[PDB]
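What follows is a short report on a single structure.
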RNA sequence: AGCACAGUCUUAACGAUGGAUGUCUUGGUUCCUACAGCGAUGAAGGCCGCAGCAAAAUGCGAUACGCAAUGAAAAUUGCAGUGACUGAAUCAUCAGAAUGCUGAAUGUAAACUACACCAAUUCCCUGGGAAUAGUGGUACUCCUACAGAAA
Ligand SMILES: [Mg+2]
Ligand SMILES: [Mg+2]
Ligand SMILES: [Mg+2]
Ligand SMILES: [Mg+2]
Ligand SMILES: [Mg+2]
């Protein structure tokens, strides 16, 4: 994992190797999640899956609509990336399980590192124009998630000068 | 429990993506040396097969990843199985045996496993007794010899 941890005893990690979900949506979801208690994050994910709360598309915001729920994050654009959300939820669950297996309280766990890297594209073919074959590739991803339990010089002359200054002030 | 606006750009650390560089290398490369034809005794090429579990390549040919014989010589192994305590397991060598169907392909054919005709053919035992629709042969040109006809 990418993060500098020091003590892995208070941390619980979870990974997703090559996910069949779009890199951008998933990234957005991750961003939305970040710096949150694990349970709260899970709840948020659930809500998004049921189309109650949206994730704000702030980075990859090209063409994404203009939802009502985006006002919650001071933004205008937002979406409900279902499959991606589900994937993320699964990973969260895994992380939770891992934590349980150790000795970490799930209530005091915060997501300290939610990384989404883009995996190698799954190549497919699309057919265009005047007999033209074009790449119809997917954008798979790796997801890395880390949860964590959260609760000169003197100089004599210089000294003299300082003293003088003090005296002056007085 | 709080707190960072967000985005865009930049820097550093740590990662992804990619396969550059470095290091290798049972390949190539050129040069040198040496030998140097295979085929109607059926070649090269091409099909079809062939393993217990078997696709390709490799190897081989209905004895089919090999038979015999020679020289080594205890293993072979994924499993199954087979052997040693030396013609046997495995290599190497290869001279003997064998070498499907084709292909110059040569009985006539060919998008045929089509079809003729002449031999019936083959094996066993020391003249009989068994077999199989199976095996041979039959092209065109030519040469030498023979044959009997023609002028
Ligand atoms: Mg900012
Ligand atoms: Mg032998
Ligand atoms: Mg021997
Ligand atoms: Mg013929
Ligand atoms: Mg015909």
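In the entry's author numbering, the protein residues as written are 4 to 154, 185 to 203.
Just so it is clear, CB atoms sit at the ideal spot from N, CA and C, and this is done for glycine as well.
Strand pairing of residue 120, partner residues [DSSP]
145
If you draw a straight line from the C-alpha of residue 32 to the C-alpha of residue 85, how long is it?
Going by the C-alpha atoms only, they are around 10 Å apart.
According to the neighbour-count rule (16 or more other Cβ atoms, all chains shown, within 10 Å of its Cβ), is residue 99 buried or exposed?
buried
DSSP bridge partner residues for residue 58 (one or two, in chain order)
82
Using a Cβ-Cβ cutoff of less than 6 Å, which residues in the same chain neighbour residue 59 once the five nearest sequence positions on both sides are dropped?
Excluding sequence neighbours, residue 59 sits near 73, 76, 78 and 81.
Taking the straight line between their C-alpha atoms, what separation do you get for residue 10 and residue 114?
15 Å
Examine the Cβ distances between the segment 39-46 and the segment 130-146 and report whether three or more of them are shorter than 8 Å.
no
If I follow the unbroken alpha helix (DSSP H) through residue 193, where does it start and stop?
189-202
With a threshold of 8 Å on Cβ separation, who are the neighbours of residue 92 within its own chain once the five nearest residues in sequence on each side are excluded?
45, 48, 49 and 52
List the endpoints of the continuous alpha helix (DSSP H) containing residue 48.
41-52
Go ahead and pull the three-state DSSP assignment for residue 98.
The answer is helix: DSSP assigns residue 98 an H, G or I state.
From residue 138 to residue 107, what does the alpha carbon distance come to, in whole angstroms?
46 Å
How far does the alpha helix (DSSP H) with residue 28 in it reach, from first residue to last?
26-36
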